[PDB]
Amino acid sequence: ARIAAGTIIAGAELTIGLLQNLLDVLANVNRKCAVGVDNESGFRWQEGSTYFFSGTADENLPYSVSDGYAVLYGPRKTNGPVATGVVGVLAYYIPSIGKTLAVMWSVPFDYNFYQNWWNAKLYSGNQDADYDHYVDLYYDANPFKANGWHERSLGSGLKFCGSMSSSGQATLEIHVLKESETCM
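Basis of the calculations
- Residues numbered from 1 in each chain as written, not as in the entry; some residues may be left out.
- Heavy atoms only, no water.
- Helix = DSSP H or I, 4+ residues; strand = E, 2+ residues; numbered from the N terminus.
- Buried < 20%, exposed > 50% of the residue type's maximum accessible area, 1.4 Å probe, protein only.
- Polar contact = N/O pair within 3.5 Å; in protein donor to acceptor, adjacent residues only side chain to side chain.
- Contact = heavy atoms within 4.5 Å.
- Disulfide = S-S within 2.5 Å.
- Pairing = 2+ DSSP bridges.
- Axes fitted to C-alpha atoms, helices over the stretch in contact; angles between N-to-C directions.
- Patch = residues over 30% accessible without salt bridge, like charges linked within 9 Å, V, L, I, M, F, W, Y side chains within 5 Å.
- Areas by Shrake-Rupley, 256 points an atom, 1.4 Å probe, with all protein chains shown as cover.
- Salt bridge = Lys/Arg side-chain N within 4 Å of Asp/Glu carboxyl O.
- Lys, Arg positive; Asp, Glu negative; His and termini not counted.
- Charge placed at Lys NZ, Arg CZ, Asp CG, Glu CD.
- 1 Å grid on protein atoms, 1.4 Å probe; cavity = no way out; pocket = protein on both sides within 12 Å on 5 of 7 lines; lining within 4 Å.
- Points joined across faces, edges and corners; volume = space filled by probe spheres on them.
- Nonpolar A, V, L, I, M, F, W, Y, C, P; charged D, E, K, R; others polar.

The next thing to look at is the side chain of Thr 100. Looking at the secondary structure, you find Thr 100 in strand β6 (residues 99-107). In this structure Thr 100 comes out as buried when scored by relative accessible area, which is 1%. At 2.9 Å, the side chain of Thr 100 and the backbone nitrogen of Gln 127 are in polar contact. For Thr 100, the residues in contact, after removing those within four places along its chain, are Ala 91, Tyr 92, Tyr 93, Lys 121, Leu 122, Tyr 123, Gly 125, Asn 126 and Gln 127.

Let us now look at the state of the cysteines. Under the defined criterion, the tally for this structure stands at 1 disulfide. One disulfide bridge connects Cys 161 with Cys 183, the sulfur atoms lying 2.2 Å from each other. One quick way to see it: the torsion about the S-S bond of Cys 161 and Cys 183 is about 120°, and its sign makes the bridge right-handed. Of this pair, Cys 161 sits in strand β10 (residues 158-164) while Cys 183 is found in the segment after β11 (169-178), placing the two residues 22 residues apart along the sequence. A residue is classified by how much of its surface remains accessible, and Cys 161, at 0% relative accessible area, is buried. Between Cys 33, a free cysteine, and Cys 161, which holds the nearest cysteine sulfur, the sulfur-to-sulfur gap is 16 Å. The class of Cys 33 is buried, set by a relative accessible area of 0%.

Turning our eyes to something else, we now look at the sheet that holds β10. Strand order in this open sheet of 6 strands is β1-β4-β2-β11-β10-β9, and the pairing throughout is mixed. Only two strands of the sheet have a single partner each, and these edge strands are β1 (7-10) and β9 (150-155). Between one strand axis and the next, the sheet turns by 20° as a mean value, whatever way the strands run. Here helix α1 (residues 16-25) sits on the sheet in contact with β1, β2 (32-40), β4 (69-73) and β11, set at roughly 140° to β11.

This part takes up a negative patch on the surface. Together, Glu 47, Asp 128, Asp 130 and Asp 132 make up a negatively charged patch on the protein surface. Position of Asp 132 relative to the elements: it lies in helix α2 (residues 131-140).

Moving on, we come to the layout of surface pockets. In this structure, the largest pocket encloses a volume near 240 Å³. Around the largest pocket, the lining is made up of 15 residues, and of these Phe 53, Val 87, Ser 106, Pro 108 and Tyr 114 lie nearest the centre. For the lining of the largest pocket, the element with the most residues is α2, which contributes 3 residues. Broken down by class, the residue content of the lining of the largest pocket amounts to 10 nonpolar, 4 polar and 1 charged.

Structure (structure tokens):
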């Protein structure tokens, strides 16, 4: 079908129900996240990269996300009784503002101690997604719980809003827009 992870769609198509469909076509493992990031920024995103602290994805992250488009991505845990979740970062270079957008997800194995988290941030230059982004976004830069919609300014005239669902098979919906536009 036209639902497929590791692809680009018109940004206006992105909703939670679309991401739930995506979840259903990902591998049938018990920790996974259907990620959708809508580029309403007015700027081209390119050189997509990924970093996994744990887990993997079966489809590669698209190279670019033009203005007006959303990217779909499907991180999931390693298969089996391995007591692991899926935790990582995707990043895009935004050349017209000289910044890198990074997006973090964390879907833990052990909900007896942990919970879902997500975050997004701009960094300067063209930074390949890496562990230092994960640590900043998860431990230092005030990530969001799976408790509804949230909005935060990014600088460079941009902001983001988004929402993550709370269980081990999760959706993560994020929209990146100009500061003057309304998401909340």
